[PDB]
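Take a look at the structure set out below.
Bear in mind these aren't lab numbers, they're just calculated from the coordinates by the rules spelled out. Every residue, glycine among them, receives a Cβ derived from its backbone with ideal geometry; neighbour counts consider all protein chains shown.
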Amino acid sequence: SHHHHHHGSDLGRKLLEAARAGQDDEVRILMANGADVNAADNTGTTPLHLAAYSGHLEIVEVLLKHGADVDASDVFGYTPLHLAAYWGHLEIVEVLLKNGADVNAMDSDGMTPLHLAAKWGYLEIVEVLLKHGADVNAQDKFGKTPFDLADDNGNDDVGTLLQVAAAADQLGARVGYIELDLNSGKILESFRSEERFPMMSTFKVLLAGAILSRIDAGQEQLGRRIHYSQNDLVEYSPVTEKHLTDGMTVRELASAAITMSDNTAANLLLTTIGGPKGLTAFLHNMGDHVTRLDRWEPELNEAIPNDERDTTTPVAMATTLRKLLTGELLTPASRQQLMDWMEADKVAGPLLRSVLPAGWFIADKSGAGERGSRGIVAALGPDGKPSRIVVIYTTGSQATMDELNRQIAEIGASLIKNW
């Protein structure tokens, strides 16, 4: 009950005024002269309430620095976080949470900060609140969830995000996605798009891009034959295990790596560019300083939490894939060859393809790994032509593979619904 402040004072009243009017210097003076940082009026309102809703970041920081109660609750049950979320002050929301604000504080009617942010469609604030553990299924006095309020106010991008986030929470999964316009590259929808995820076999389209770049440059040939032995075979090599007598061409290996996710095919192609280090160099040299490959198949699928080896972010992967499929990084022929291999993907039936509406185009590459890891990168769109890039990753769940497949499919259905 110590969050219900109810003490008045002369200096406290003058501080309450300076907090509303945004008098940064007057606040510092009153605080230096001993004003009560938790002074309260007849509504239980403190200076931190006033600074939070008025959007004065500097005053909020100073007040917290002098011991302001981050979880002060006024007579209506509002905390400073309620007000910061309602008035759309992102940086203040972050500062309050960094200083220990209750992310799931409830007012008299059961409204939480996530309810208020969802009502206004503040995407960035919604994501911050979720990142700090906001309850996505919180119901107010009338049984309304944050999604219900977003849906009622036409905030469909936030509505989509909240439904994806709730499904992931149910599974115990960390999920990220991004959708990019193929032609312009504009970010259309996103969630956790700057967090790292294990690439798994989705790296194979980047590998193919690096091979196609060397083919464009005359340093590699589609028809060049690579020989290998039974001892070189690693697990899940359905095509390469059948060509031990005379090997396979570069083109055949790239087709097997993409359409069948053949692991030995990917390792053989990695060798031609100097291994994982060589693929990472190719990525750096086209402007991707985030995506990195460090290990070979099958070790790169280990998916250790907080391990940056063999990871990308949704936005890095989507931006790089767009550069490979559009624009001048690859020739028109190589561009189209990469898209054609991805269109011929044979081993991604249970994912986006399972929810693809009739007449739509999809070219994709899936990945699977340990620690409940699953992902997909795709170019898709209506009318038999791709118009957007979608990248989706999930990891950390104890879910079955069927549940992981369904989660990816569900996210894809959500994005297709909100197209």
Item to complete: Kindly list the residues of segment 157-199 that lie in the label zone of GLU410, defined by a backbone N under 17 Å from the point 7 Å along the Cα-to-C-beta vector.
Response: 159-177, 191
Item to complete: Please give the helix 275-285 orientation as an angle from the longest Cα principal axis of the chain, in degrees from 0 to 90, rounded to the nearest 10.
Response: 60
Response to the item:
Any GluC sites (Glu not before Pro) in segment 143-249 that lie in a DSSP loop and have at most 14 other Cβ atoms within 10 Å would be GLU194, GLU235
Worksheet item: Roughly how many Å is it from the Cα centre of segment 120-170 to that of segment 232-268, as a whole number?
Response: 45
Worksheet entry | Enclosed volume per residue, in Å³, of the convex hull spanned by Cα atoms of segment 260-419 | 118
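Based on DSSP H runs of at least 4 residues, each adding -39500 (n - 2.57), what is the mean residue ellipticity at 222 nm of the chain after dividing by all its residues, to the nearest 500 deg cm²/dmol? Don't skip to the answer; put the middle values down first.
Working: 17 runs with 179 residues, N = 419.
Calculated mean residue ellipticity at 222 nm is -13000 deg cm²/dmol.
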Practice prompt. DSSP loop (so not H, G, I, E, B), at most 14 other Cβ within 10 Å: list which chymotrypsin sites (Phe, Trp or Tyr not before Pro) in segment 33-108 pass both filters.
Written response: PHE76
Worksheet item: Given the Cα atoms of the chain, and with Rh set as the inverse mean 1/r over their pairs in the Kirkwood sense, what is Rg to Rh to two decimals?
Response: 1.11
Discussion item. Please compute the modelled spin-label separation between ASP383 and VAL75, points set 7 Å along Cα→Cβ, answer in nm with one decimal.
Written reply: 6.0
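In Å³ and rounded to a whole number, note down the convex hull volume per residue for the Cα atoms of segment 172-281. Please report the intermediate quantities before stating the final value.
Details: hull volume 15.6 nm³, N = 110.
Spread over its residues, the Cα hull of segment 172-281 gives 142 Å³ apiece.
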Practice prompt. Just grab the label-to-label distance for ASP216 and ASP402, each label 7 Å out from Cα along the Cβ direction, in nm (one decimal).
Written response: 4.4
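For segment 127-170, compute Rh as the Kirkwood radius over C-alpha pairs and then the Stokes-Einstein diffusion coefficient at 10 °C and 1.306 mPa s; write the answer in µm²/s, rounded to an integer. Kindly include the intermediate steps, with their values, before the conclusion.
Working: Rh = 10.6 Å.
Stokes-Einstein gives a translational diffusion coefficient of 150 µm²/s.
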Practice prompt. Taking the convex hull of the Cα atoms, report for segment 1-154 its projected area averaged over all directions, in nm².
Written response: 8.4
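Calculate, in nm to one decimal, what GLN170 and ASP25 gain on full extension: separation in residues at 0.36 nm each, minus their alpha carbon distance. Before the final figure, lay out the partial values.
Details: separation 145, 0.36 × 145 = 52.20 nm, distance 4.76 nm.
Taking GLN170 through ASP25 to full extension adds about 47.4 nm, to one decimal.
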Worksheet item: Dimensions of segment 238-334 along principal axes (Cα, Å, largest first)?
Response: 40, 37, 22
Response to the item:
For the chain, averaging the sequence separation of alpha carbon pairs under 8 Å that lie six or more residues apart and dividing by its residue count, the contact order in percent is 12
Response to the item:
In nanometres, the difference between 0.36 nm per residue of separation and the alpha-carbon distance of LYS65 and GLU328 is 89.5 nm
Practice prompt. Show which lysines lie in cross-link reach of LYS14 when reach means a straight Cα distance below 29 angstrom and same-chain residues fewer than eight apart are skipped.
Written response: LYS65, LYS98
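Can you compute the equivalent ellipsoid semi-axes for segment 131-230, i.e. the square root of 5 times each eigenvalue of the Cα gyration tensor, sorted largest first and rounded to whole Å?
Working: eigenvalues 387, 61, 16 Å².
Output for segment 131-230: semi-axes of 44, 17, 9 Å.
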Discussion item. What distance in nm separates the two pseudo spin-label positions at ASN306 and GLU194, each 7 Å out from Cα along the beta-carbon direction?
Written reply: 2.1
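Could you estimate the translational diffusion coefficient of segment 38-87 from the Stokes-Einstein equation, with Rh from the Kirkwood formula over C-alpha pairs, at 25 °C and 0.890 mPa s, in whole µm²/s?
On the way: Rh = 10.5 Å.
Stokes-Einstein gives a translational diffusion coefficient of 234 µm²/s.
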